[PDB]
Each structure stands twice: as C-alpha cells, then as structure tokens.
Amino acid sequence: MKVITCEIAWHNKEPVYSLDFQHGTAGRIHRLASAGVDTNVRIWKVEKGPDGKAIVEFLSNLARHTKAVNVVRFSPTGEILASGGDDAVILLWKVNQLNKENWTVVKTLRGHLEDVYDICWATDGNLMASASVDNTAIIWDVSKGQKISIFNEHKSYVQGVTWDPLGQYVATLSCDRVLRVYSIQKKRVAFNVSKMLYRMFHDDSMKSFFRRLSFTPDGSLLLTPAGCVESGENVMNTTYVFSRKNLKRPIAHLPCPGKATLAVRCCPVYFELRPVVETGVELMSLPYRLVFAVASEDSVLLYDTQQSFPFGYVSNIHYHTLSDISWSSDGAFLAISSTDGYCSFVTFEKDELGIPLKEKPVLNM
Amino acid sequence: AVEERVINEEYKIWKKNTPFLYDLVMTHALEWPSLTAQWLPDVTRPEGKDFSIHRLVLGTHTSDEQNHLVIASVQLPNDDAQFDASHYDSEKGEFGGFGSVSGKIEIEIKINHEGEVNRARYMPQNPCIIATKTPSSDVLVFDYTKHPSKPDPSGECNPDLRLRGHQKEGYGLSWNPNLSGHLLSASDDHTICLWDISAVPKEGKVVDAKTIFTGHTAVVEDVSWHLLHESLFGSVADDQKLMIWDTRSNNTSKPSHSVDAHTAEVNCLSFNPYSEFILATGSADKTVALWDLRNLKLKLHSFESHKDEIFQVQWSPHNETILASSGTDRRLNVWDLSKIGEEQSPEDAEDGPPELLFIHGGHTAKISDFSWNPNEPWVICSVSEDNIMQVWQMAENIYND
Amino acid sequence: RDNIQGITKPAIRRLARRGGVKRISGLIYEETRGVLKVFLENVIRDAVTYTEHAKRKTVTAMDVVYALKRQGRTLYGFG
Amino acid sequence: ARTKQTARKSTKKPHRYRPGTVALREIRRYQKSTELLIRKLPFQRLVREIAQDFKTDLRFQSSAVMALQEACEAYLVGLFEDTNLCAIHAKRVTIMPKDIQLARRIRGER
Amino acid sequence: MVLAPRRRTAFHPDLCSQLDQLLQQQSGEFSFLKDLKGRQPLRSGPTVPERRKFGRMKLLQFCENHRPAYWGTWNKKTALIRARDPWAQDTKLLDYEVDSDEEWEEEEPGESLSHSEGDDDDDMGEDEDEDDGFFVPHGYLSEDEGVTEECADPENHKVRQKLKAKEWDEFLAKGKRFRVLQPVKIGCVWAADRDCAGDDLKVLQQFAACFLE
C-alpha cells in the first residue's frame, strides 16, 4: 500500500475526531466527511492522483454545531450523513464561499445529555445507535427521530457502538471495562462480556476518547478494541474477536503491544478466498475473506481473515493519537484520522488486496 | 553642530530607504563603544526554533569604567522561516507584519580587561582562546571557556597568558590559521612580534617575544598571516609601504618583498581566503589597492570611492571576488571584482566605480571594525565609535541580480 | 483558602516572555490572575461534571482533557 | 597613530486556516513543553481553593494537576500572543488590560 | 554547534611550493583580473499571491525606534533607490517623514521587561500536602477507599505500580524534546508468498492471533 499523509489544514489544524466514506457511489472519486474540534463537518473529494497519491479536494464546509464534532457516520445508502457533536445533537445532513456543494441539516436529534462519541447505522439504514458520555447508548429512527430505547445499564461513558449487519445484535462497549450486546427487538443486555476465564477491557485511564468497534460486514465477527490480556508482564493491549456461536468468550484476540487499540473498521467489499498455504490459524473459516484495520493509538494493523498475522502495519504517521479510520466503498482507500489535526490516507492498487467477489453474498436478516 | 545635523538627516534618509536595500538590519546600541568586532564560527540552530544564534567578540572602549571584552550572541530568523505565509497588509500590500518575531543581541560573557580592547582576534584552531591588544605594550590572551560569565567585581584582570615584547600599542594583531598557537602583533614601536603560545607550559603565564621584526621604518598598522601559506604574513605601516614577511628566513629585518603601496600611510591588509596570491591593502589616501603575490611591482587596481581614510579591508568568506572597506568616512563600501573594468552609463557611473557594489551609510560615526559572518552569507557586524553595532545584510537583488 | 495572589509576578513575566510580548503595563498582573482563576473555574467545573457523570470521585487527566475539549481547546500528551 | 575621541557612555481577525495548501508538520507543540514556570505550591493551593469552592472531596491527581498546569500555561501564552497581535494592530507595543479583554473577545470565549 | 570550515579550498600539497616559487620569480605575465571575466568566481554556501512571486522576508530591527522590529516581505520596486547610493530620494514611493514617532509616544511605566529584568529575578519555597492529596499513588489510594467495585487489592497495587512506572517513562520520554517519528509502512504481505522479506514477515508475525479454547 501507499501511505499519503495529507499535510493539509483539515480543521484549523485542530484535532480531527472521525472520518467516513460514501458507500453509495461506485465511482473512483470518493466523498469523505471529517469532523473535529473546529465545530465543522468538512466534506472532501478524495481520488487517486496521477502518480497514485491520495489527494484531497475540498467539497463542502458544514457548520451547524455549537461544540466539537466527534463522530461522523454516513448512512449505508450514503445519501444521509450523520454528525455526532459534543452538544448531544445529531444532525442528519442530506444533500440538497469555498464550498463546491451544499449540505442542509435535515433533522436534529435531541436524546442525550452529554457529548456523543460513537454513531452506528443499521443495515437497512432506517435506524441509528449513538454512544454518549451520558452513560446512555440510544437507538434512533430517522423517520421519526425519537428515543425508542435507552440502555442506561452502564457505569461509565459509552464510547463505541455498532449494528450487527444481520440485524440481530447491537454491541455497545463502555469505559467500565465491559461489553454489552443488545438485541434489536428484545432491547436487553443479553451479553455482558466483562470477565474471561480478570476484566478484559481497558479502564477509563487510557489515553483515547473513543473505543469504536464494528461488526464485520459479513456479520459473523465482532471486533472490539481496547482489550487487555493477562499474558504478558501485566497487560497486553489486544483486540478481541467474537463469534456468533459464542459471544461470551472470544474465539481469539489480536495483541497489539505498544499502543492500545481504539478503533476497528472493516472493508465492506468482500474478497475471494486466497489459496491456502497451510500457515494460518483461520480466524474464521468462511467462503469469502474480508479485510479490516485495527487502529491503535499511533498505529494501524490491517488484518485479514485467512491469515493469522496482519497483512499490513502503518505506524508513526501521526504524531498524536489516532481517532478513527474508514474504508472506501471499493476498498482501495483507508483514511486514518488523528488528533494532531491531519489525516493520512492508505491507498491500494486495483485488485491489490485480493479478488473482490463478482456477486456479493447475501446476509440472512 | 551642522555636521551632526547633516549626519542625522542622512541617517534618517537611510533608515527610510533601508527596506529597499537591506535584508536583515539589527541596529544595537552597546553600553560602550567597541574598537573590535568579529564573528565566531559556532552557530547554534536549536531544534523546534526558527532563529539561529551566532556569537561575536567585541571589545569595549571606556573612558573611566572597566573595559570588558564582550562576547555577544545575535539571533537571526532561519532560512526556513525566511518565507512563510504569515499575514497580509491591506494598505501596504506586502505579506509582512511587524509582530514580535525579531532578532535579539544579548551579551553573554564579559571578561575584565586592563585598558581598552584595541583588537580582539580569536584563535581559529581553538575558537575559545582570544587575544586582545591593550593600550599598554603587552598583549593579553583570554579564554572565555575558563572564565565566568559574570565579570569579577574587582577591577583587577587575570589574563590567561600575558604576552610581552613591545614598547607601545598597535591595533594590528592576527592569529595564524594553519600553525596552531602562533600569534602576531603590529605595535606602534615600528616592531612586529611573533609569539608561540602552543609551546607555553601549563603553569606559564608571561611569554616573551619569540621573534622580533624591525624592517619597517614607521609604526606598523596591521599584519595578517597568509590564509593558505604557513610562514608568510604581510605588514602595512605608516611608511607608505608594504613588506611581505617570511618567518622561515634567518634575517628578521629583511623586507623579502618591499614595495611602496600608497601615497599616504597604509592602514590595513587582508589576504584572500580562496586565492593564495591576492591581498587587499587599505590606505589613508582613500584608495584600497589590490595586489598579486606573484608580482608586487604594480597594483591590480586602485579602488577609489572613499573620501576619507580607510581603516579595515576585509574579504568575503563566501565569495572570492567580494571585498569590504571602511574608515573614518562612516561608509562601509562592499566592493567586488566581477565588475572590474565594466562599461557604465554616466548616470549610473556618477555613483562610483563599477567595482563598488554596496554602500553602508547607516553609521552616524566612524566605523571602528567589522567582520563578515562566516556561516551566514553577507551578514556583516560593523561596530561604530558611537556605541552602535549593526548586523546588516544587503538584499538578494544587489548581488544575485 | 484565599491564595489568589499565589501566581507570582515573574511567572506572568515568563508567560508573556514566550507569549511574544516584551512590553507590559504594570497593572496587568491582576488581570492575568483573574483570567487564570476564571479559566481554572471553567476547566475544573467541566472536569468535575465529567467525573460526576462517570461515577468516580478523584479527577484524573482524562477528565481534564474531556473538559478542555468541551471548552474548545486540546491537550497533547495526556489524552 | 589614530586619533581617538572620548567614549560616550550609553545604556485579520479570523485566523482560520484555509482548507488546503497548509503543509505544516510542527512537532514542538505536539510534545510536553517541560517549562512549568510555576511552583507546585501556589498552583496547588489555587486548584485546592477552586475545588473546595466547587465540591467537597473532589480530590485531584498529580497527573490531573499537571494537566491543568500545562493547559493553563498554553491558554495564557495563547492569550498573550493574541494581546500582542491586538496591541500591534492598535499601534502600541505595551499591553494594557483593555488588550486582554480584546484578545479574550476575539477568541470567542468572552 | 556548527563550525564554519577553516579551509574553503581543497588542500593542494604543491600549493605552498608553487607559491614559494612564484614569490621569487616576480613575473608579471599572470593577470588575475583578465582571468576573472573568463571564469565563474569562486563561491561558498552557508555552513493571496504565491510566496515564490513575493521573495523572502526582510528583517529591519532598529534600537533607537520605539516601533517594533519589522519582519516581513518587502516588494515595492523603486529604480531611484540604488544600492550604490543609499541616500537617494524617491518621492511618491516612501514619504520621508518619520513613522516610528507616530507608533509609540508611550510615556508609561511599563515595567521595562525588554531585558535585564523578568528573567534573573526568582524565588523559592516549600510546601507539604497531607489533608489534600495531589499525588498519583495517594490519589489512587483515596479513590480506592472512596469506591472499590469489589476489585482485587493485589491487582490494584500492581496497577498503581505500573501507572507510576508509566508516568516515569513518559517523563523520561519528555526529556527527548522533539522526536520526529518516521512513518513505518509494511507491504501487503501474505502467507501464500515465499519471496517476501523476512524482516517484514517477522515484524508482522509479532502481531499474531492468540487463539482461545
């Protein structure tokens, strides 16, 4: 891969807290949407340059947040942006000075009492899941925009949410060193993954705002960062991987000695099963392989599914801690945010990670 | 007081004009006038900072107070910061801004010195040993690395090596760049002294004259060791003559190459840091003369733009063709040789000879001494007799074109 | 107790020294003390409310970084 | 010789970075300043009085107090830089209180 | 500390001998000025509109003016103001009336912080904190006493020791001052390929997956 640290003033050189990409457009020009302390959600055009360099072309400047913007999450269709600020306000920008396009806040959501940290969209795109400092992980409907559930069963801030693509689970992970999984219909904490057989996840003392975790788009792996394993001296910063067969106990984990892991974002496009070399542990045996990235505080670890060890590693690109990562719709990009003010882009060649499947397998919802 | 009035008016005009001509001017007012100035080769460029720190060696001419050899530290913005998108001006229309990003001159180390410091030249091999010339016959040798930053409150001075051998005071002193420790001094007693400091025992404090010279018939004004050779050094005196000396010769009063230099009394000389055959000698006839060591019979040229005496002629450590002359005219002409014998229009020739490249009119009083910055290009620290120390540099459009 | 004047005058002098200025009126030290007290008030109030919304008692550096982010500033090397 | 005379004893408002063409890679600001310039006792007593004014049993940690100190030194050097800019814009080098309020109101926190 | 080179030309062993030979011949055949125009003179190096069209920024600092030190690009072009004659007058380009006098008619008691004061002055003192614990281990002990969450005491002690060690390590790293972090990019290695470099393969196998039963 090619690492292109975009030495550009994203948000007044102020910290950038989350990134995302447009998954509804199949072109080679990708629409990113950053967010940071500048109380602005800047949307950019991202495309490969003449030499393959990932250059960023400004698209629009979005300004309706009174406080810092933490998490930005495009809808699965890509036509309904989200924006989780520090004012417990979730703007839903939908299209239609220096702006090349206009974005208008369609709807304002008022359900939280403190800063919103993580936002996730359901597979159908008609729902929502926001994790906020208020010790509540809310579930919102875009059509009506009201709090339908409040899982106020935590003890500290909730910093990471996700929606299971099959549509059955909603994994919320707090700063209480606990993992919670909520059914879509039951709306109960069925899986209180906190102990393994000592507590696994990091306490509230680690230097990272977010603990973002995401299900694999296939929907069978639950990848949760900020885990500690009592295998080294006293702690090993890892990233537990959970399987639907038994979510109480992870199938494995992906230790990241050095900086603790805080984000996981899987590449949405699947890949063909690479030929077996009889040298991998096969995290999950599936007809298709998929690539994700586990961004620690100051490093990125692009894993796979047929290979035990990561197939990549990107570190020291950003002086301060990383905040969020995002994969492009085609899978040729990996935009890594950072708290120092700039975002680096990891770019791949065409059909470089693998051979994407001609027909995307369906998921039993 | 009409002379002071016209001098101040010309200085005000020059200050108004200085954005056009100069590129870095740092006028500083010393506590006491300095009779010498010399940059030190060590330049500090701390990481994460946009300013580089140099060091000077300035004496102090005091009427009654104790004279301290000053080692000042200047601060100049880095070349990386020399072109930054800082701001813009609506009315001025230049991306400038005064602000507070500015240089600073701070005195670092002062050493008590008996009498005035006539000339303070640091040893190039060890840029910590410093030799100064006193109004007395002796020559002091200091070392600021072995002395406290704060001067001793008592008036007594403790030179590291007091060098004797003369009978008067002479502003001409020069270290030997190639031979470690050798020292030369041009006293007004019509005598030149060569001292071998590298042979001094660790417990020695006073060292006599290893070699004496008598060939000159008047007060020796200045001497300088050859920059490339080992046992060759010039000597210009009030006898309107220049004699090139050689220490390897047994005879000490034999002027190996004795040639009359100027109608008036020669005042200074400096050898080219690149060419091994070229030395430029000042004069009291306002005529800097170029010489070739191959043939001393006829001068290469007779640079004539001064109106008064010329005190210090220094070459350039960055260009082999760039001179600099100064004197009682308060005008530091920066000559060059690339324009030797160039045809010019009368309108552009009324200013002066084509060899002249820049005139520094920003000194209200006589220029005492000056020295080019060896690290930075064209930066010159010229100290005047009116307690002014300017660190100037002409703009890039006068030499690069 | 009432140690408003704890921040010494040369502390303000050095703060201005790397603050760019080299020319300060003499009656600005009271203004700087008041400014610092107000900033402490705001930052500590936000940090304490973050701690209270975390079911904890002792304020740590992460709460302070949260408070500074809420104000609009950023702290490097701590969170 | 040279005659020598007597020696005279002597002694615009929005700084919003444009979203593009800013290749800044500073590293000095991304690390600890290591220049506290405040003794621990006065700052400690100040934080203690603020905390006891706010809520009892609101204990702090040395890490938290050091974070306070670093943030406040950064805030005050930023304030003094802004007062410098305001005073220069006002054709006057000396700061005044009115310059402090002007910088505070320019930063948007007033 | 960067030292300017003592010699700006290559050391020629025969240079001294050639100079000694030429010093005695005293032949006027060689002319230096003639050869200057036929060759490049020897030089040595140092030891909104676009920037390239503006030039590099000028510093003009003066001691006698109350106005601060101008530090910025100057682009006005005036043919009358030539370097060979600085005191030329160019009206309608720069009005030759004083500007610094307008800048600062100060007449104020401004604490004179320019130099020699504000830095040398200092003080010292001592204090003890017992009732109020502003300490990392003392703070941890106080928060453990306030709330425990049924945690293990030896685990808490080990965590406190590890936190103290991490704080000490961070303080030590702060002593390194600026430290440029060179980006580390590792290619898309695969277990299928056999021609990959062993360095990358090992530095990635160090991040293997520890499977749990």
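Residue numbering in chain A adheres to Swiss-Prot, whereby the residues present occupy positions 1-96, 113-213, 225-392 in order.
Determined via electron microscopy, 3.5 Å.
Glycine is treated like the rest: Cβ placed from N, Cα and C.
Taken from Swiss-Prot, the feature repeat 'WD 1' applies to A:11-54.
The repeat 'WD 3' annotation in Swiss-Prot covers A:127-166. Long-range contacts of the repeat 'WD 3' (A:127-166) within the same chain: residues 67-68, 70-77, 80, 82, 84-90, 92, 172-183, 186, 188, 190, 196, 198, 200, 203, 236-239, 241, 390, 392, each at least 6 residues beyond the stretch ends and with a Cβ under 8 Å from a Cβ of the stretch.
Residues annotated as repeat 'WD 4' in Swiss-Prot: A:169-208. If one looks beyond the repeat 'WD 4' (A:169-208) by at least 6 residues along the same chain, the residues whose Cβ comes under 8 Å of a Cβ in the stretch are 133-140, 143, 145-149, 151-153, 155, 226-231, 236-246, 249, 251-253, 274-275, 390-392.
Residues or ranges marked as repeat 'WD 5' by Swiss-Prot: A:228-279.
Among the features that Swiss-Prot reports, repeat 'WD 6' is placed at A:299-340. Only residues 6 or more beyond the boundaries of the repeat 'WD 6' (A:299-340), in the same chain, are considered here, and those with a CB under 8 A from a CB of the stretch are 1, 234-235, 241, 243-245, 247-248, 250, 252, 264, 266, 268, 270, 278-279, 281, 283, 285-293, 347-349, 351-352, 354, 358, 361, 363, 373, 380-384, 388.
Feature annotation from Swiss-Prot assigns repeat 'WD 7' to A:344-385. Residues 1-26, 28, 30, 32, 34, 36, 46, 48, 52-54, 56, 71, 78, 234-237, 239, 286, 289-290, 292-299, 301, 315-316, 318, 320, 322-327, 329, 338 of the same chain lie 6+ residues outside the repeat 'WD 7' (A:344-385) yet bring a C-beta within less than 8 angstroms of a C-beta in it.
16 residues between A:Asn96 and A:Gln113 have no modelled coordinates; the flanking Cα atoms are 16 Å apart.
Within the chain carrying the repeat 'WD 1' (A:11-54), a Cβ under 8 angstroms from the stretch's Cβ atoms is held by residues 2, 4, 60-63, 65-79, 81, 83-85, 91, 93, 116-117, 119, 236-237, 295, 347, 350-357, 359-360, 362-370, 372, 374, 376, all 6 or more beyond its ends. Counting residues per DSSP class in helix, strand and coil order gives 0 helix, 22 strand, 30 coil for the repeat 'WD 5' (A:228-279).
Gap between A:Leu213 and A:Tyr225: 11 residues not modelled, C-alpha separation 8 Å.
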